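What follows is a single chain, given as C-alpha cells, in the form deposited in one PDB entry.
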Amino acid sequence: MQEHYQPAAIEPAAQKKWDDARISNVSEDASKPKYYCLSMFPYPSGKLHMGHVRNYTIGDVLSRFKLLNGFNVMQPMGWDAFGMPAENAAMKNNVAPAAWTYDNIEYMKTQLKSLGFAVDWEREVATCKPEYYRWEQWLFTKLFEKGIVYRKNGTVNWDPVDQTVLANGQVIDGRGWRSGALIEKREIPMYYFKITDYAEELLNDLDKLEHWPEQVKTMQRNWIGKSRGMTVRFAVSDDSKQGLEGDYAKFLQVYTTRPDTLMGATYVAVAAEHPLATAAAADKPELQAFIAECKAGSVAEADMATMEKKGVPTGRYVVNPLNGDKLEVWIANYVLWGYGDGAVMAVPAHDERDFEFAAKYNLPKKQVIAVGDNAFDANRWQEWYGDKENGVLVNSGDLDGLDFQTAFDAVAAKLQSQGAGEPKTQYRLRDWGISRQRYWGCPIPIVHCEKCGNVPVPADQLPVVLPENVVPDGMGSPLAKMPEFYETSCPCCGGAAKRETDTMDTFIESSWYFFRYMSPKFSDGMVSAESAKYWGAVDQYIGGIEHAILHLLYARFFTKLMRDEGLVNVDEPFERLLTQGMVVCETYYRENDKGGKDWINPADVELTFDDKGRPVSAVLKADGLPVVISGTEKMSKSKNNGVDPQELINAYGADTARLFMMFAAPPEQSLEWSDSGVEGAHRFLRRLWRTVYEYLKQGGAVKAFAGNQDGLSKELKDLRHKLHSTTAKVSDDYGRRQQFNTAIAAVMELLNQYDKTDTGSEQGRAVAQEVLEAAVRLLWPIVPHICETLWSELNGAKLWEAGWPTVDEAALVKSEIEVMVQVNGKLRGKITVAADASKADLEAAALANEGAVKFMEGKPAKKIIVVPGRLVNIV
C-alpha cells in the first residue's frame, strides 16, 4: 500500500474496476430484490455544476447503500434534451440545436463518469432521439382517437415584429421582450391533454403517497384546486332584460363555495365578456371603456392577486332566489370568463375580497354568520369573518343557527326545490396545452387533410422524424418554412396534405422517461411488459422543488394514462420523493460598456481578504483588474456562479467533491459553496487513508474480530460498542432518515474513539481490523473510490459481496452493576442490576432482596433512597 492518498490515480482505477465487474449494469433479475433509484435527468445545456452534482450524489449514496444490502439496483441516467436552451444557442452561435445538444451530452457524460456514480449507462436515453420520442408520438395518437387529446382554439401571445409566438414570461408590460411591440392576443388551434378528466384521480391518489413530503402533496392539491360549491341562479329582473337572449335573459348563474352566506349577498359581479356586461354597455360608453380595459390585461393569477380590484355598476338587477332581494350587477376585473359561470355573488361581510371591494364603492355588508361572541364591525375586516369551521348562521330565516355544512345541505335542498340551484364540484385545473410554436421539440403526429380533417399518423409510420439539419433564427418556427417536412400525403385518403408543424411541450418527454429506462431499447412499445412488471414503480425519486407541481403532476398523469392503456400496472410512478436543497454560491460581475453587467465565474476570479476577513481584493484572473463581489445566490448559469465539478475533481478528486456535498448540510437544507468545506473534506480523506496505512504498516491485515467478546478488555469492548452503535446509526441515517451528513459525523466519532484506543495487542488488532473494515464499507456510498481501494488493502473478498456491515447486538450490552441494599442505612444485601436499570428497577430489585426483606420486619417503606450505581436505602 502506498503511503499517501492520490485520488488522481486511485479514482480512475476504481471506476475501471466497477465498470469491468458490470455491477451497475442490471437486468430484470428475479433472484434479487429490485430497487429503482432515480434522479431527475438534466437538460444538456452545456456543463453540469456542483448543484447538479449534489443531486446526483444523493441518489448515488442511496443506490450504493441499497447495492451493499444485496438489492438489484437500477440507477439510470439520461438527457432531457428538447427545449429552448438549444434554440437560443442556435440563434447565438449559428449552430444546429441537435449538434449543440449532442456536444453538450458528450461533455456532461464525462463529467458524470469522473464522479463515479453507480449508473447503468446501458440504459442511457436522449429524449431528442427518434427511438425515444416515437413512443410519446405513439401515445399521442392513441389518446387523440379516444378524445383524451383534442384540438381546439386557444389564446397565444403574438409578436408582430419578431413574427413569432411568445411565452407569457416574455411579454413585459403588454409588449414583447426583444421587440417592445404591443402583443396581440391571437386565437389559434392547438392540442390539449384532457387532464381535467383525471382531476379527481390525480387529487385523491395523493393520499396513497405516505412517503412524499406533505408540502409537495399540498402544492399539488392547491394546483388541482378542487372545490365543493353551489350553482346558484338569480332571476333577471323584468326591467333589466333588454338586449339579453336565451338563458341570460332569464337568470344570472354563479358559482359559490359559500352558499351558507347566500342570504348575505348584497351585489353580484360579472366578467367583462359576460352577456350581461355586453348588454348593459350597449348605450354606456363608460362600461365599454371599462370592458376594454379588462380584456387588455393579464388574466395570469400572478398579476391578479396583486391586481387592484375595480368595478362599475350596470344598472341591471337580479333577484336572490332565497330572500327575494333585488341585487345590482357590477362588471368587475377580478371575475374571469371561462372559470365557472363567469359571474359571482358578493358577500362583503364574510369574504375579504368582497369586503375591500365594497369598502371602495360603499356597497352594503350584511352579516349572516356569527362566530360565537366576537364583535362584527361592518367597517373592519377580521380573520374570523370568513371562518367556515366555527361559525353559525344569523339573519337567514329558517337557516338560523346552522353550521356551515348543515346550511350548505339545507340551501342545496331549498335551491333544488325551487329549481334555482344545485351542488356542483369545480376545479381550478385547466386542460394541458401541448402545442409549442418552436422547432427543437417532438413533432406532433397529426396530418392536416382538407377532406379528412386532422388525421393521426398511423403507428407503422411513427416516428414523424424531426429534421436535425436546421438552424433556427427566431423569425418563426423553421418547420413551417420547410415544405420537404410539412408536405406529405393523407394517411386516410392518400391526397396531398400538410404535417402539423408545432411541436410538443417538452414536459412530455419527462412525463414518462422513468418507464423508458426499464427497457430503453424496446422497439414494440413505450415499455416492455416484462420490464414494467419487474421494476414496478420508482422506489426513490430525487429532484428540486421547482418541479414539484407541473412535472410531478404530468408524470403522475402519464402513469395513469399508460396504466389505462395496459402498458403498466402501477397507479403512481414515485414511491418516495426527496427534494434536495439548493447549492448556493457567491456571485461576481463587471459593468458592461453596453449598459448591463457581465457575470464572471468564481473559478476565474481571485479574492484576497484582510486578516479580519475584510474583502480588500477581487481581481479577474485574466487581466488582474478588480471585479464586483455581489450576493450569494442559487448556483446556475444565469449569474454564471456554477462551480464546474471537473475543476474541483482536478484539484481535489471526486471523493472530496462528493464528501463535501454530503457532509456540509442535511440534504434538504441549502448548501453554501465553501473553499474551506472542500479543504475540510479532503483532509478527512487523508486522515482515513493515513489510518488504514498506519494500521497495516504495524503488522498487516488479520482476521476481523467476530463472535463472543467475553474476555476482551474494557477498552476494546467499548470500541466494539462504539463500532456497532455506529453501524446501527449509519444504517438508519441512510435508510430511514436519509440524513447523510450525520452518518458521516457518526463514522468520524468512531474513528475518534479508535484513535484513542490501544489496538496493538493480538485481540486489539482483530478489533482494529473489524472497525476499519466496517468504516470503509459504511462510507463507501459517500466516497466509494477511496473506500474501494482501502478495502482491498484490508481484505481480499469483493467489497460488494461482503455486503453492508451487520450490527452485533452482543457488542451493545454493557456490564452489570452490583448495588448495595440497605435497610435504614445498614447494609443488608446486594443486588446485580443492568447498567440500563432505571431507579424504579433498583427499587424493585432492592425490595425483593433476601437480606432486605428479613430486616424489614414486615414494615412498609417510608422512603426509598436510590443512588444509581452505588446503593439503595429502604427506610
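Just so we're on the same page, rigid core means the largest C-alpha set that superposes within 1.5 Å between forms. Numbers for residues come from their place in the sequence shown, where the first is 1.
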- Task: Using only the Cα atoms and their B-factors as the entry lists them, report which of 69-77 and 275-283 averages higher.
- Result: 275-283
- Note on the structure: Of 228-236 vs 546-554, the stretch with the larger average CA B-factor in the entry is 228-236
- Message: Take the CA temperature factors straight from the PDB entry and tell me which of 263, 497, 786, 119 peaks.
- Response: 263
- Hey, out of 765, 380, 448, 737, whose CA B-factor is highest in the deposited coordinates? 380
- The third of the chain into which the C-alpha temperature factor of residue 835 falls is the highest
- Message: Where does the C-alpha B-factor of residue 758 rank in its chain, lowest, middle or highest third?
- Response: middle
- Third of chain Cα B-factors occupied by residue 49: middle
- Item | Assigned third (lowest, middle, highest) for the C-alpha B factor of residue 421 | middle
- Query: Split the chain's modelled residues into thirds by Cα B-factor; is residue 84 in the lowest, middle or highest one?
  - Reply: middle
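There is another form of the same protein, the form deposited in another entry; it is not shown, and what comes next is about it.
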- Upon rigid core superposition, which of the listed residues (523, 379, 469, 708) is displaced by 2 angstroms or more at its Cα between the shown form and the other one? 379
- Query: Superposing on the rigid core, does the Cα of residue 595 end up 2 Å or more away between the shown form and the other one?
  - Reply: yes
- Honestly, after the rigid core fit, is residue 640 moving at least 2 Å at Cα between the shown form and the other one? yes
- Align both forms on the core first, then report whether residue 94 has a C-alpha shift of 2 Å or more between the shown form and the other one. no
